[PDB]
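Peer 1: Experimental structure and its sequence below.
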Amino acid sequence: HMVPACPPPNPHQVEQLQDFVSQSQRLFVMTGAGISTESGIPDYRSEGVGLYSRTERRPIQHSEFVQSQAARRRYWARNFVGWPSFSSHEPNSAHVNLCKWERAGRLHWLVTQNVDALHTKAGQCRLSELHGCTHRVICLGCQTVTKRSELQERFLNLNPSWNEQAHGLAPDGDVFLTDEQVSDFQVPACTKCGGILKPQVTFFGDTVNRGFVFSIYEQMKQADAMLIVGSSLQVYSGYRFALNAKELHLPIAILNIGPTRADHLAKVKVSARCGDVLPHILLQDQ
Ligand SMILES: Nc1ncnc2c1ncn2[C@@H]1O[C@H](COP(=O)(O)OP(=O)(O)OC[C@H]2O[C@H](O)[C@H](O)[C@@H]2O)[C@@H](O)[C@H]1O
Ligand SMILES: [Zn+2]
């Protein structure tokens, strides 16, 4: 299924990660798509199983969505089909345990690259969604934000004879459809202004808002350590925060099955399934 192959977890790494967490009172956590593979959502870059390893799916480019009605129709028809399954995924034990650490006052702040809403479903409050969330829709004309669930209803009224089955769900809820399968589909406009609606996610080629990025960096200034969970950090948007931790001289730990771009920066690396390991990390001696 969606989790990449990994050797049995090594208990000495687990013990090293524990010693790391025990020394932190204000943990800054970064997560990527690897935290959600145990929920049934594929990641992008896992050897063998990741969308880009195993398939020839290609990300939509920001520029193309913005400049082409036909691209927007393609994008939304696929998103439509994928939405009932994508929106139904549930948080796993890794999401839950990170929420426990927050409750315990040990997690200072968590940034995610994921768009799946799973940390929100788990109850994580001290959260930044770096790349947005597919559960939100924004208008490119007026910047009004609405719920993607409400858009589903609008798609059904506009496209009453639409059916296709959902095939190859991606980490952003996209499913494959052919250009002829999607050719007819009609996209609802903004109810306030009539402008073009976009999911409130940072597509390839877009950039994260600078004020938002700055505000996350501000949260980092109070942390005393960084943990990265389930990201290859091959995408600069995420890797810059590990670079920032190193500039702040924070110790860095990584819980990730494959290699990451920040491996060179880590004090501790646990190559294991995150859901196997996080439940064992304790916040109180026991
Ligand atoms: N259960 C697991 N436990 C631990 N590690 C895991 C697990 N499942 C997978 N991994 C590891 O999880 C890691 C997943 O890495 P990648 O697939 O690059 O996802 P990203 O979140 O970093 O992608 C960043 C952006 O790229 C996109 O364009 C979007 O914009 C994304 O937001 C691998 O190293 C796996 O070994
Ligand atoms: Zn509008």
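Peer 2: Everything's here; your move. Numbering: from 1, shown residues only. Ligands and ions are numbered 1, 2, ... in the order given.
Peer 1: Mind exporting the C-alpha coordinates of stretch 3-14 to PDB?
Peer 2: Provided in PDB are the C-alpha atoms of stretch 3-14 (Å, rounded to 0.1, in the frame of the first residue of the first chain):
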ATOM      1  CA  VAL A   3       4.200   3.100   3.300                       C
ATOM      2  CA  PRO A   4       7.700   2.400   1.800                       C
ATOM      3  CA  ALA A   5       9.700  -0.700   2.700                       C
ATOM      4  CA  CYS A   6      11.800  -0.300   5.800                       C
ATOM      5  CA  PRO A   7      14.100  -2.700   7.800                       C
ATOM      6  CA  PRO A   8      12.900  -3.600  11.300                       C
ATOM      7  CA  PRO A   9      13.200  -0.500  13.500                       C
ATOM      8  CA  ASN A  10      16.300  -0.200  15.400                       C
ATOM      9  CA  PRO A  11      15.800   0.100  19.300                       C
ATOM     10  CA  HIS A  12      19.000   2.100  19.700                       C
ATOM     11  CA  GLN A  13      17.700   4.800  17.400                       C
ATOM     12  CA  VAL A  14      14.500   4.900  19.200                       C
END
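Peer 1: which of the residues in it are buried?
Peer 2: 3, 4, 9, 13, 14 (16 or more other Cβ atoms under 10 Å). Backbone N, C-alpha and C define where each C-beta goes, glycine included.
Peer 1: Any part of that stretch near ligand 1?
Peer 2: Yes: using Cβ under 6 Å from any ligand atom, stretch 3-14 reaches ligand 1 at 3, 4.
Peer 1: same deal with stretch 210-228?
Peer 2: No: counting by Cβ under 6 Å from any ligand atom, ligand 1 has no neighbours in stretch 210-228; the shortest distance is 9.0 Å.
Peer 1: Name the residues that touch that stretch?
Peer 2: The contact list for stretch 210-228 (Cβ atoms under 8 Å, 6 or more residues apart in numbering) reads 20-21, 23-32, 108-109, 111, 128, 130, 241-242, 244-245, 248, 250-256, 260, 262.
Peer 1: List the residues that contact residue 55.
Peer 2: With Cβ under 8 Å, 6+ apart, residue 55 has these contacts: residue 168.
Peer 1: I meant residue 171, not that one.
Peer 2: Counting by Cβ under 8 Å, 6+ apart, residue 171 touches 33, 36, 41, 42, 43, 44, 51, 114, 115, 116.
Peer 1: Enumerate the residues of this protein near ligand 1.
Peer 2: 3-4, 32-34, 37-38, 43-46, 50, 59, 113, 131, 230-235, 238, 256-258, 260, 273-275.
Peer 1: quick one: residue 102 and residue 119 touch, right?
Peer 2: No: using Cβ atoms under 8 Å, residue 102 is not in contact with residue 119, being 9.9 Å away.
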